[PDB]
file upload.txt (compact mmCIF, N, CA and C atoms and all ligand atoms)
# COMPACT_ATOMS: atom_id res chain seq x y z
N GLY A 1 -11.97 -75.85 -46.39
CA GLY A 1 -12.05 -74.90 -45.26
C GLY A 1 -13.46 -74.35 -45.08
N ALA A 2 -13.54 -73.22 -44.39
CA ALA A 2 -14.81 -72.72 -43.87
C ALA A 2 -15.82 -72.53 -45.00
N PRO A 3 -15.48 -71.82 -46.11
CA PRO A 3 -16.45 -71.61 -47.19
C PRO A 3 -17.09 -72.91 -47.73
N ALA A 4 -16.26 -73.92 -48.00
CA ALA A 4 -16.75 -75.18 -48.51
C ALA A 4 -17.69 -75.84 -47.49
N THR A 5 -17.39 -75.67 -46.18
CA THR A 5 -18.21 -76.28 -45.14
C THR A 5 -19.59 -75.63 -45.12
N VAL A 6 -19.66 -74.32 -45.41
CA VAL A 6 -20.94 -73.64 -45.44
C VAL A 6 -21.72 -74.10 -46.68
N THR A 7 -21.04 -74.24 -47.82
CA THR A 7 -21.68 -74.77 -49.02
C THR A 7 -22.34 -76.12 -48.71
N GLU A 8 -21.60 -76.99 -48.04
CA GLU A 8 -22.03 -78.37 -47.81
C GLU A 8 -23.10 -78.48 -46.72
N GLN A 9 -23.01 -77.65 -45.65
CA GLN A 9 -23.74 -77.90 -44.41
C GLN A 9 -24.60 -76.72 -43.97
N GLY A 10 -24.47 -75.56 -44.62
CA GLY A 10 -25.16 -74.38 -44.15
C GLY A 10 -26.66 -74.42 -44.45
N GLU A 11 -27.41 -73.71 -43.60
CA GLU A 11 -28.84 -73.54 -43.75
C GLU A 11 -29.12 -72.41 -44.73
N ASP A 12 -30.10 -72.60 -45.61
CA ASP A 12 -30.52 -71.53 -46.51
C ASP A 12 -31.49 -70.60 -45.78
N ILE A 13 -31.06 -69.37 -45.50
CA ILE A 13 -31.89 -68.44 -44.74
C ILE A 13 -32.50 -67.38 -45.67
N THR A 14 -32.54 -67.62 -46.98
CA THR A 14 -33.21 -66.71 -47.91
C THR A 14 -34.71 -67.02 -47.92
N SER A 15 -35.51 -65.98 -48.20
CA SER A 15 -36.95 -66.13 -48.37
C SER A 15 -37.26 -66.95 -49.63
N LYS A 16 -36.50 -66.67 -50.68
CA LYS A 16 -36.71 -67.33 -51.96
C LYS A 16 -36.17 -68.75 -51.97
N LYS A 17 -35.36 -69.13 -50.98
CA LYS A 17 -34.72 -70.45 -50.95
C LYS A 17 -33.90 -70.68 -52.23
N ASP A 18 -33.04 -69.70 -52.55
CA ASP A 18 -32.17 -69.75 -53.72
C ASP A 18 -30.72 -70.02 -53.30
N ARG A 19 -30.49 -70.43 -52.05
CA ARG A 19 -29.16 -70.67 -51.48
C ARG A 19 -28.24 -69.43 -51.59
N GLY A 20 -28.85 -68.25 -51.62
CA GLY A 20 -28.12 -67.01 -51.81
C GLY A 20 -27.37 -66.59 -50.55
N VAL A 21 -27.87 -67.03 -49.39
CA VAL A 21 -27.27 -66.78 -48.09
C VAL A 21 -27.36 -68.09 -47.30
N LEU A 22 -26.20 -68.67 -46.97
CA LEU A 22 -26.10 -69.92 -46.24
C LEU A 22 -25.40 -69.61 -44.92
N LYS A 23 -25.85 -70.27 -43.84
CA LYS A 23 -25.41 -69.95 -42.50
C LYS A 23 -25.09 -71.22 -41.72
N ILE A 24 -23.97 -71.19 -40.99
CA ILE A 24 -23.75 -72.14 -39.90
C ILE A 24 -23.53 -71.38 -38.59
N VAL A 25 -24.20 -71.79 -37.52
CA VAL A 25 -23.91 -71.28 -36.18
C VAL A 25 -22.65 -71.99 -35.69
N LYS A 26 -21.59 -71.23 -35.37
CA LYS A 26 -20.33 -71.80 -34.92
C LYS A 26 -20.19 -71.72 -33.41
N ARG A 27 -20.77 -70.69 -32.78
CA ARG A 27 -20.88 -70.62 -31.33
C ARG A 27 -22.29 -70.14 -30.98
N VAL A 28 -22.99 -70.87 -30.11
CA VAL A 28 -24.36 -70.51 -29.74
C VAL A 28 -24.30 -69.30 -28.80
N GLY A 29 -25.21 -68.34 -28.99
CA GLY A 29 -25.31 -67.16 -28.14
C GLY A 29 -26.40 -67.33 -27.09
N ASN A 30 -26.88 -66.23 -26.51
CA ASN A 30 -28.03 -66.33 -25.60
C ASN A 30 -29.02 -65.23 -25.92
N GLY A 31 -30.32 -65.51 -25.73
CA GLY A 31 -31.31 -64.46 -25.70
C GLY A 31 -32.72 -64.99 -25.91
N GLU A 32 -32.91 -65.80 -26.96
CA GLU A 32 -34.22 -66.04 -27.55
C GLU A 32 -34.78 -64.70 -28.06
N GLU A 33 -33.88 -63.73 -28.29
CA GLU A 33 -34.24 -62.48 -28.92
C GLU A 33 -33.13 -62.13 -29.91
N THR A 34 -33.51 -62.01 -31.18
CA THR A 34 -32.60 -61.51 -32.20
C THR A 34 -32.79 -60.00 -32.29
N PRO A 35 -31.88 -59.24 -32.95
CA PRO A 35 -32.17 -57.84 -33.23
C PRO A 35 -33.30 -57.68 -34.24
N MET A 36 -34.06 -56.59 -34.09
CA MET A 36 -35.16 -56.28 -34.99
C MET A 36 -34.76 -55.14 -35.92
N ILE A 37 -35.47 -55.03 -37.04
CA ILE A 37 -35.16 -54.01 -38.03
C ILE A 37 -35.17 -52.63 -37.36
N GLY A 38 -34.14 -51.83 -37.66
CA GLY A 38 -33.98 -50.51 -37.10
C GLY A 38 -33.02 -50.49 -35.91
N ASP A 39 -32.72 -51.66 -35.34
CA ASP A 39 -31.87 -51.73 -34.15
C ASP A 39 -30.46 -51.24 -34.48
N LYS A 40 -29.77 -50.65 -33.50
CA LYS A 40 -28.35 -50.36 -33.67
C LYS A 40 -27.55 -51.60 -33.28
N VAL A 41 -26.73 -52.13 -34.21
CA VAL A 41 -26.09 -53.42 -34.05
C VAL A 41 -24.57 -53.27 -34.03
N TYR A 42 -23.92 -54.04 -33.13
CA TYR A 42 -22.48 -54.01 -32.94
C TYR A 42 -21.91 -55.40 -33.22
N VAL A 43 -20.92 -55.48 -34.13
CA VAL A 43 -20.33 -56.77 -34.46
C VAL A 43 -18.81 -56.68 -34.53
N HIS A 44 -18.16 -57.84 -34.43
CA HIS A 44 -16.85 -58.05 -35.02
C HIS A 44 -17.04 -59.04 -36.16
N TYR A 45 -16.22 -58.91 -37.20
CA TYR A 45 -16.36 -59.75 -38.37
C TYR A 45 -14.99 -59.93 -39.01
N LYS A 46 -14.86 -61.03 -39.75
CA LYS A 46 -13.77 -61.27 -40.68
C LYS A 46 -14.44 -61.63 -42.00
N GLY A 47 -13.96 -61.05 -43.09
CA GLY A 47 -14.61 -61.20 -44.38
C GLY A 47 -13.58 -61.42 -45.47
N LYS A 48 -13.95 -62.21 -46.47
CA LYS A 48 -13.05 -62.46 -47.58
C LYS A 48 -13.88 -62.87 -48.78
N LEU A 49 -13.29 -62.70 -49.96
CA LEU A 49 -13.76 -63.33 -51.19
C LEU A 49 -13.65 -64.84 -50.96
N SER A 50 -14.66 -65.61 -51.37
CA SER A 50 -14.74 -67.01 -51.00
C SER A 50 -13.52 -67.77 -51.53
N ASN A 51 -13.04 -67.33 -52.71
CA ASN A 51 -11.80 -67.79 -53.29
C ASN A 51 -10.84 -66.61 -53.15
N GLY A 52 -9.87 -66.76 -52.24
CA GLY A 52 -9.13 -65.65 -51.68
C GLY A 52 -8.75 -65.99 -50.24
N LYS A 53 -7.59 -65.49 -49.81
CA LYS A 53 -6.99 -65.88 -48.54
C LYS A 53 -7.08 -64.70 -47.57
N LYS A 54 -6.68 -63.50 -48.05
CA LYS A 54 -6.60 -62.29 -47.23
C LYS A 54 -7.98 -61.82 -46.77
N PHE A 55 -8.11 -61.68 -45.45
CA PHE A 55 -9.34 -61.25 -44.82
C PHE A 55 -9.35 -59.74 -44.61
N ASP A 56 -10.55 -59.16 -44.73
CA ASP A 56 -10.86 -57.85 -44.14
C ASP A 56 -11.42 -58.08 -42.74
N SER A 57 -10.88 -57.38 -41.74
CA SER A 57 -11.27 -57.63 -40.36
C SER A 57 -11.51 -56.31 -39.62
N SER A 58 -12.65 -56.25 -38.93
CA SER A 58 -12.97 -55.19 -37.97
C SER A 58 -11.85 -55.04 -36.94
N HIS A 59 -11.25 -56.17 -36.55
CA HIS A 59 -10.12 -56.17 -35.62
C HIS A 59 -9.00 -55.26 -36.13
N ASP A 60 -8.77 -55.21 -37.45
CA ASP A 60 -7.73 -54.36 -38.02
C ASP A 60 -7.96 -52.88 -37.69
N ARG A 61 -9.22 -52.48 -37.46
CA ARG A 61 -9.56 -51.07 -37.22
C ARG A 61 -9.64 -50.79 -35.71
N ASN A 62 -9.56 -51.85 -34.89
CA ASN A 62 -9.44 -51.76 -33.44
C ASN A 62 -10.76 -51.29 -32.81
N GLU A 63 -11.90 -51.56 -33.47
CA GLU A 63 -13.21 -51.22 -32.92
C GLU A 63 -14.30 -52.04 -33.61
N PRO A 64 -15.46 -52.28 -32.96
CA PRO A 64 -16.55 -53.00 -33.61
C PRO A 64 -17.11 -52.26 -34.80
N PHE A 65 -17.65 -53.03 -35.76
CA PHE A 65 -18.43 -52.47 -36.86
C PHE A 65 -19.87 -52.26 -36.39
N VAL A 66 -20.38 -51.06 -36.63
CA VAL A 66 -21.66 -50.63 -36.10
C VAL A 66 -22.56 -50.17 -37.25
N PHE A 67 -23.83 -50.61 -37.24
CA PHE A 67 -24.75 -50.29 -38.33
C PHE A 67 -26.19 -50.48 -37.84
N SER A 68 -27.14 -49.83 -38.53
CA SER A 68 -28.55 -49.96 -38.20
C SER A 68 -29.14 -51.07 -39.06
N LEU A 69 -29.79 -52.04 -38.41
CA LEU A 69 -30.24 -53.24 -39.09
C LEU A 69 -31.40 -52.93 -40.03
N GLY A 70 -31.35 -53.53 -41.22
CA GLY A 70 -32.47 -53.50 -42.15
C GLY A 70 -32.65 -52.15 -42.83
N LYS A 71 -31.60 -51.32 -42.86
CA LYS A 71 -31.68 -49.98 -43.44
C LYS A 71 -30.82 -49.90 -44.71
N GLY A 72 -30.35 -51.05 -45.21
CA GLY A 72 -29.42 -51.10 -46.33
C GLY A 72 -28.14 -50.29 -46.13
N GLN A 73 -27.62 -50.22 -44.89
CA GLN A 73 -26.28 -49.68 -44.65
C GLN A 73 -25.23 -50.75 -44.93
N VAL A 74 -25.69 -51.98 -45.13
CA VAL A 74 -24.85 -53.13 -45.38
C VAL A 74 -25.48 -53.91 -46.53
N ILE A 75 -24.73 -54.87 -47.06
CA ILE A 75 -25.24 -55.73 -48.12
C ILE A 75 -26.45 -56.48 -47.58
N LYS A 76 -27.33 -56.90 -48.50
CA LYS A 76 -28.61 -57.51 -48.15
C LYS A 76 -28.38 -58.74 -47.28
N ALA A 77 -27.31 -59.50 -47.56
CA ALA A 77 -27.02 -60.73 -46.83
C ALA A 77 -26.77 -60.47 -45.35
N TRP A 78 -26.26 -59.27 -45.03
CA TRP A 78 -26.03 -58.93 -43.64
C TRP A 78 -27.34 -58.58 -42.95
N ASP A 79 -28.23 -57.85 -43.65
CA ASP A 79 -29.52 -57.49 -43.08
C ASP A 79 -30.31 -58.77 -42.81
N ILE A 80 -30.20 -59.74 -43.73
CA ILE A 80 -30.89 -61.02 -43.56
C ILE A 80 -30.24 -61.84 -42.44
N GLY A 81 -28.92 -61.99 -42.49
CA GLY A 81 -28.18 -62.88 -41.61
C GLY A 81 -28.17 -62.44 -40.15
N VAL A 82 -27.85 -61.16 -39.93
CA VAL A 82 -27.69 -60.67 -38.59
C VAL A 82 -29.06 -60.66 -37.89
N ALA A 83 -30.15 -60.48 -38.64
CA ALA A 83 -31.49 -60.57 -38.06
C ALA A 83 -31.76 -61.95 -37.47
N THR A 84 -31.03 -62.99 -37.87
CA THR A 84 -31.24 -64.34 -37.33
C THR A 84 -30.36 -64.62 -36.12
N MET A 85 -29.45 -63.70 -35.74
CA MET A 85 -28.44 -64.01 -34.74
C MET A 85 -28.83 -63.54 -33.34
N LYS A 86 -28.38 -64.28 -32.31
CA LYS A 86 -28.52 -63.87 -30.92
C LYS A 86 -27.23 -63.20 -30.42
N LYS A 87 -27.37 -62.43 -29.34
CA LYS A 87 -26.23 -61.84 -28.66
C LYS A 87 -25.25 -62.95 -28.28
N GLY A 88 -23.98 -62.74 -28.68
CA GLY A 88 -22.88 -63.62 -28.34
C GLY A 88 -22.64 -64.72 -29.37
N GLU A 89 -23.57 -64.87 -30.33
CA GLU A 89 -23.46 -65.87 -31.38
C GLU A 89 -22.31 -65.51 -32.32
N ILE A 90 -21.63 -66.57 -32.78
CA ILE A 90 -20.75 -66.47 -33.93
C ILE A 90 -21.30 -67.36 -35.03
N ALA A 91 -21.47 -66.75 -36.21
CA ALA A 91 -22.03 -67.45 -37.35
C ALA A 91 -21.09 -67.31 -38.54
N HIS A 92 -21.11 -68.31 -39.43
CA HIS A 92 -20.47 -68.22 -40.72
C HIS A 92 -21.55 -68.00 -41.78
N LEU A 93 -21.33 -67.03 -42.69
CA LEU A 93 -22.20 -66.80 -43.84
C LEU A 93 -21.41 -66.98 -45.13
N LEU A 94 -22.03 -67.62 -46.12
CA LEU A 94 -21.53 -67.70 -47.49
C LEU A 94 -22.60 -67.10 -48.39
N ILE A 95 -22.21 -66.13 -49.23
CA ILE A 95 -23.17 -65.24 -49.86
C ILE A 95 -22.94 -65.16 -51.37
N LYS A 96 -23.96 -65.48 -52.16
CA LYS A 96 -23.91 -65.30 -53.61
C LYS A 96 -23.99 -63.81 -53.95
N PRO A 97 -23.53 -63.42 -55.15
CA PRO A 97 -23.42 -61.99 -55.49
C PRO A 97 -24.74 -61.22 -55.48
N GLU A 98 -25.85 -61.92 -55.72
CA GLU A 98 -27.18 -61.31 -55.67
C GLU A 98 -27.50 -60.71 -54.29
N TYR A 99 -26.89 -61.23 -53.20
CA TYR A 99 -27.13 -60.70 -51.86
C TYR A 99 -25.93 -59.90 -51.38
N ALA A 100 -25.00 -59.56 -52.30
CA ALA A 100 -23.80 -58.83 -51.94
C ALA A 100 -23.63 -57.71 -52.96
N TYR A 101 -22.68 -57.81 -53.90
CA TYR A 101 -22.36 -56.64 -54.74
C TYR A 101 -22.66 -56.88 -56.22
N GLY A 102 -23.28 -58.02 -56.52
CA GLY A 102 -23.94 -58.25 -57.80
C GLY A 102 -22.98 -58.25 -58.98
N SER A 103 -23.51 -57.93 -60.17
CA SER A 103 -22.72 -57.99 -61.38
C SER A 103 -21.73 -56.82 -61.47
N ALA A 104 -22.06 -55.69 -60.81
CA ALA A 104 -21.25 -54.49 -60.90
C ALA A 104 -19.98 -54.63 -60.07
N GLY A 105 -20.10 -55.43 -59.01
CA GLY A 105 -19.13 -55.51 -57.94
C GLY A 105 -18.97 -54.17 -57.22
N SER A 106 -17.83 -54.04 -56.53
CA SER A 106 -17.47 -52.84 -55.82
C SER A 106 -15.95 -52.74 -55.76
N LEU A 107 -15.35 -52.38 -56.88
CA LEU A 107 -13.89 -52.32 -56.99
C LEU A 107 -13.31 -51.16 -56.18
N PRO A 108 -12.04 -51.26 -55.72
CA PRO A 108 -11.17 -52.41 -56.01
C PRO A 108 -11.32 -53.61 -55.08
N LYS A 109 -12.13 -53.52 -54.01
CA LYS A 109 -12.17 -54.60 -53.03
C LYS A 109 -12.94 -55.81 -53.56
N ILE A 110 -14.09 -55.59 -54.20
CA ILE A 110 -14.95 -56.70 -54.59
C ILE A 110 -15.12 -56.72 -56.10
N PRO A 111 -14.77 -57.82 -56.80
CA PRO A 111 -15.00 -57.89 -58.24
C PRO A 111 -16.43 -58.26 -58.59
N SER A 112 -16.73 -58.26 -59.90
CA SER A 112 -18.02 -58.65 -60.42
C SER A 112 -18.31 -60.10 -60.01
N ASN A 113 -19.55 -60.35 -59.61
CA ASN A 113 -20.08 -61.70 -59.47
C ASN A 113 -19.32 -62.49 -58.39
N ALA A 114 -18.96 -61.79 -57.31
CA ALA A 114 -18.19 -62.37 -56.23
C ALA A 114 -19.10 -63.04 -55.20
N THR A 115 -18.68 -64.24 -54.78
CA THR A 115 -19.16 -64.89 -53.57
C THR A 115 -18.31 -64.47 -52.37
N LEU A 116 -18.99 -64.11 -51.28
CA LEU A 116 -18.33 -63.66 -50.06
C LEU A 116 -18.55 -64.64 -48.92
N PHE A 117 -17.53 -64.74 -48.06
CA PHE A 117 -17.60 -65.43 -46.78
C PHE A 117 -17.36 -64.46 -45.63
N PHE A 118 -18.17 -64.62 -44.58
CA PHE A 118 -18.00 -63.88 -43.34
C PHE A 118 -18.08 -64.81 -42.13
N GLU A 119 -17.25 -64.49 -41.15
CA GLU A 119 -17.50 -64.85 -39.76
C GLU A 119 -17.87 -63.56 -39.04
N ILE A 120 -19.00 -63.63 -38.34
CA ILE A 120 -19.60 -62.50 -37.65
C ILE A 120 -19.85 -62.91 -36.20
N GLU A 121 -19.43 -62.04 -35.27
CA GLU A 121 -19.84 -62.17 -33.88
C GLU A 121 -20.78 -61.02 -33.55
N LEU A 122 -21.98 -61.37 -33.09
CA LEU A 122 -22.91 -60.35 -32.61
C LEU A 122 -22.57 -59.96 -31.17
N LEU A 123 -22.06 -58.73 -31.01
CA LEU A 123 -21.57 -58.25 -29.72
C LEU A 123 -22.73 -57.69 -28.90
N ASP A 124 -23.60 -56.90 -29.55
CA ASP A 124 -24.67 -56.21 -28.86
C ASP A 124 -25.63 -55.59 -29.87
N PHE A 125 -26.83 -55.21 -29.39
CA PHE A 125 -27.77 -54.42 -30.18
C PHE A 125 -28.75 -53.69 -29.26
N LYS A 126 -29.09 -52.45 -29.64
CA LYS A 126 -29.97 -51.58 -28.86
C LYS A 126 -31.08 -51.07 -29.78
N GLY A 127 -32.31 -50.98 -29.24
CA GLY A 127 -33.46 -50.54 -30.01
C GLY A 127 -33.30 -49.08 -30.43
N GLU A 128 -33.89 -48.71 -31.58
CA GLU A 128 -33.86 -47.34 -32.07
C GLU A 128 -34.65 -46.44 -31.11
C1 LIG A 201 -17.36 -51.97 -50.36
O1 LIG A 201 -16.52 -51.38 -49.38
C2 LIG A 201 -16.05 -52.17 -48.37
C3 LIG A 201 -16.43 -53.49 -48.13
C4 LIG A 201 -15.89 -54.20 -47.06
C5 LIG A 201 -14.96 -53.57 -46.23
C6 LIG A 201 -14.57 -52.26 -46.46
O2 LIG A 201 -13.68 -51.54 -45.71
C7 LIG A 201 -13.11 -52.15 -44.54
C8 LIG A 201 -15.13 -51.55 -47.53
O3 LIG A 201 -14.75 -50.23 -47.68
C9 LIG A 201 -15.79 -49.25 -47.42
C10 LIG A 201 -15.59 -48.66 -46.03
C11 LIG A 201 -16.11 -49.54 -44.89
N1 LIG A 201 -17.54 -49.80 -45.00
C12 LIG A 201 -18.18 -50.76 -45.71
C13 LIG A 201 -19.51 -50.52 -45.53
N2 LIG A 201 -19.62 -49.41 -44.76
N3 LIG A 201 -18.43 -48.97 -44.42
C14 LIG A 201 -20.72 -51.23 -46.08
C15 LIG A 201 -20.38 -52.14 -47.24
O4 LIG A 201 -19.79 -53.34 -46.67
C16 LIG A 201 -20.64 -54.32 -46.29
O5 LIG A 201 -21.83 -54.22 -46.32
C17 LIG A 201 -19.93 -55.57 -45.82
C18 LIG A 201 -20.51 -56.01 -44.49
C19 LIG A 201 -20.09 -55.07 -43.37
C20 LIG A 201 -18.59 -55.08 -43.24
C21 LIG A 201 -17.89 -54.70 -44.56
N4 LIG A 201 -18.47 -55.40 -45.74
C22 LIG A 201 -17.77 -55.79 -46.82
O6 LIG A 201 -18.36 -56.17 -47.85
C23 LIG A 201 -16.26 -55.66 -46.80
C24 LIG A 201 -15.61 -56.64 -47.82
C25 LIG A 201 -15.70 -58.10 -47.36
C26 LIG A 201 -15.13 -59.04 -48.42
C27 LIG A 201 -13.68 -58.72 -48.71
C28 LIG A 201 -13.47 -57.25 -49.06
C29 LIG A 201 -14.14 -56.30 -48.07
call {"tool": "encode", "arguments": {"input": "upload.txt", "output": "structure tokens"}}
result
Amino acid sequence: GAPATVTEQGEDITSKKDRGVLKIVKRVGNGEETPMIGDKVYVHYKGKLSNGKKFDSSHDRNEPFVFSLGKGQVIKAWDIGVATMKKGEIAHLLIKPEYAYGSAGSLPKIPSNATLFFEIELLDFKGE
């Protein structure tokens, strides 16, 4: 399924090229402009432990997830990943624990040394 496809086919978008964040564009967006650091960003997402079935979904809360880009309000993989996305794009991310919740994890939702998968739709973004 989706996680294995990102392992096999995803682009490494880390600076270090450690395969810590892998991305596939699943639907192309429009802009030739990505959000910049500090921007207010609006997304829908579905997220799960890479080995794991049950998703966490913004849809469950009946509203978009909103955060300021590059301010560490989200895991590092999101600050890296969403900075590469255009408005309307849907991307898949597969994330090693170094770019997510590391050795400590974040219980009870995330255990130690967890790989995460996300599908993210970039809905909108506005400058600070
Ligand atoms: C670690 O706590 C959660 C993690 C996630 C979902 C949660 O609730 C729906 C979590 O409870 C906290 C309340 C909501 N929240 C999260 C964040 N800010 N607010 C930022 C920390 O989260 C993140 O940076 C990432 C990316 C942005 C969406 C949420 N997110 C998560 O890591 C999810 C987890 C995805 C993998 C499966 C378990 C939830």
call {"tool": "residues_near_ligand", "arguments": {"input": "upload.txt", "ligand": "ligand LIG 201 (chain A)", "cutoff": "5 Å", "atoms": "all atoms listed in the file", "output": "number ranges by chain"}}
result
A: 47-49, 73-75, 109
call {"tool": "residues_around", "arguments": {"input": "upload.txt", "residues": "residue 100 of chain A", "least_positions_apart": "4", "cutoff": "6.5 Å", "atoms": "all atoms listed in the file", "output": "list in words"}}
result
residues 75, 76, 77, 95 and 96 of chain A
call {"tool": "select_by_dssp", "arguments": {"input": "upload.txt", "residues": "segment 9-84 of chain A", "states": "strand (DSSP E or B)", "output": "JSON, numbers by chain"}}
result
{"A": [11, 12, 21, 22, 23, 24, 25, 26, 27, 30, 40, 41, 42, 43, 44, 45, 46, 47, 48, 49, 56, 57, 65, 66, 67, 68]}
call {"tool": "residues_around", "arguments": {"input": "upload.txt", "residues": "residue 69 of chain A", "least_positions_apart": "5", "cutoff": "5 Å", "atoms": "all atoms listed in the file", "output": "JSON, numbers by chain"}}
result
{"A": [37, 38, 39]}
call {"tool": "atom_distance", "arguments": {"input": "upload.txt", "atom1": "atom N of residue 70 of chain A", "atom2": "atom CA of residue 34 of chain A"}}
result
12.1 Å
call {"tool": "atom_distance", "arguments": {"input": "upload.txt", "atom1": "atom CA of residue 1 of chain A", "atom2": "atom CA of residue 124 of chain A"}}
result
27.9 Å
call {"tool": "atom_distance", "arguments": {"input": "upload.txt", "atom1": "atom N of residue 8 of chain A", "atom2": "atom N of residue 32 of chain A"}}
result
26.4 Å
call {"tool": "closest_atom_pairs", "arguments": {"input": "upload.txt", "of": "segment 81-101 of chain A", "to": "segment 110-122 of chain A", "cutoff": "6.5 Å", "atoms": "all atoms listed in the file", "output": "JSON lines"}}
result
{"residue": "A:86", "atom": "C", "partner": "A:122", "partner_atom": "CA", "distance": 5.6}
{"residue": "A:87", "atom": "CA", "partner": "A:122", "partner_atom": "C", "distance": 4.8}
{"residue": "A:88", "atom": "N", "partner": "A:122", "partner_atom": "C", "distance": 4.0}
{"residue": "A:89", "atom": "C", "partner": "A:122", "partner_atom": "N", "distance": 4.2}
{"residue": "A:90", "atom": "CA", "partner": "A:120", "partner_atom": "C", "distance": 4.3}
{"residue": "A:91", "atom": "N", "partner": "A:120", "partner_atom": "C", "distance": 4.2}
{"residue": "A:92", "atom": "CA", "partner": "A:118", "partner_atom": "C", "distance": 4.4}
{"residue": "A:93", "atom": "N", "partner": "A:118", "partner_atom": "C", "distance": 4.0}
{"residue": "A:94", "atom": "CA", "partner": "A:116", "partner_atom": "C", "distance": 4.5}
{"residue": "A:95", "atom": "N", "partner": "A:116", "partner_atom": "C", "distance": 4.0}
{"residue": "A:96", "atom": "CA", "partner": "A:115", "partner_atom": "CA", "distance": 4.8}
{"residue": "A:97", "atom": "N", "partner": "A:114", "partner_atom": "C", "distance": 4.4}
{"residue": "A:101", "atom": "C", "partner": "A:113", "partner_atom": "N", "distance": 5.8}
call {"tool": "closest_residue", "arguments": {"input": "upload.txt", "among": "A:43, A:85, A:72, A:57", "to": "residue 29 of chain A", "atoms": "only N, CA and C atoms"}}
result
A:85
call {"tool": "closest_residue", "arguments": {"input": "upload.txt", "among": "A:20, A:42, A:56, A:51", "to": "residue 2 of chain A", "atoms": "only C-alpha atoms"}}
result
A:51
call {"tool": "decode", "arguments": {"input": "upload.txt", "residues": "segment 14-65 of chain A", "atoms": "C-alpha atoms", "output": "short mmCIF file (atom, residue, chain, number, x, y, z; two decimals), in the first residue's frame"}}
result
data_model
loop_
_atom_site.label_atom_id
_atom_site.label_comp_id
_atom_site.auth_asym_id
_atom_site.auth_seq_id
_atom_site.Cartn_x
_atom_site.Cartn_y
_atom_site.Cartn_z
CA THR A 14 15.92 16.07 3.25
CA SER A 15 18.95 18.38 3.16
CA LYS A 16 21.14 15.60 4.53
CA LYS A 17 19.79 13.07 1.98
CA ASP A 18 19.22 10.51 4.77
CA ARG A 19 15.82 9.36 3.35
CA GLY A 20 14.29 10.80 6.54
CA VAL A 21 11.43 12.41 4.58
CA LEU A 22 10.23 10.80 1.32
CA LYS A 23 7.55 12.36 -0.86
CA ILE A 24 5.31 11.44 -3.77
CA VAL A 25 3.07 14.04 -5.45
CA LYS A 26 -0.31 12.28 -5.85
CA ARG A 27 -2.25 15.23 -7.31
CA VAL A 28 -0.49 18.20 -8.96
CA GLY A 29 -1.52 21.64 -7.62
CA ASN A 30 -1.08 25.10 -9.16
CA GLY A 31 1.06 28.13 -8.40
CA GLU A 32 4.79 27.90 -9.07
CA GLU A 33 4.70 29.35 -5.54
CA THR A 34 5.07 27.22 -2.43
CA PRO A 35 4.42 28.64 1.07
CA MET A 36 7.36 30.41 2.70
CA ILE A 37 8.55 30.17 6.29
CA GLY A 38 6.21 32.09 8.62
CA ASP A 39 3.18 31.68 6.32
CA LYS A 40 -0.18 30.68 7.82
CA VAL A 41 -0.94 27.28 6.23
CA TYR A 42 -4.25 25.38 5.88
CA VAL A 43 -4.35 21.63 5.21
CA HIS A 44 -6.41 18.50 5.34
CA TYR A 45 -4.43 15.39 6.24
CA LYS A 46 -4.73 11.72 7.08
CA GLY A 47 -1.96 10.29 9.24
CA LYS A 48 -1.00 6.90 10.61
CA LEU A 49 1.85 4.87 12.03
CA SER A 50 3.42 3.31 8.93
CA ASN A 51 2.65 -0.11 10.40
CA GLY A 52 -0.88 0.47 11.59
CA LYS A 53 -4.30 0.73 9.94
CA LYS A 54 -6.26 3.37 11.92
CA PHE A 55 -5.79 6.90 10.61
CA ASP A 56 -5.85 10.22 12.43
CA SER A 57 -7.77 12.62 10.17
CA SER A 58 -8.44 16.37 10.16
CA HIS A 59 -11.76 15.34 8.59
CA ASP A 60 -12.69 13.75 11.95
CA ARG A 61 -12.55 17.25 13.54
CA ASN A 62 -14.65 18.78 10.71
CA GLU A 63 -12.17 21.61 9.98
CA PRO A 64 -8.72 22.14 8.34
CA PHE A 65 -5.52 21.84 10.34
#
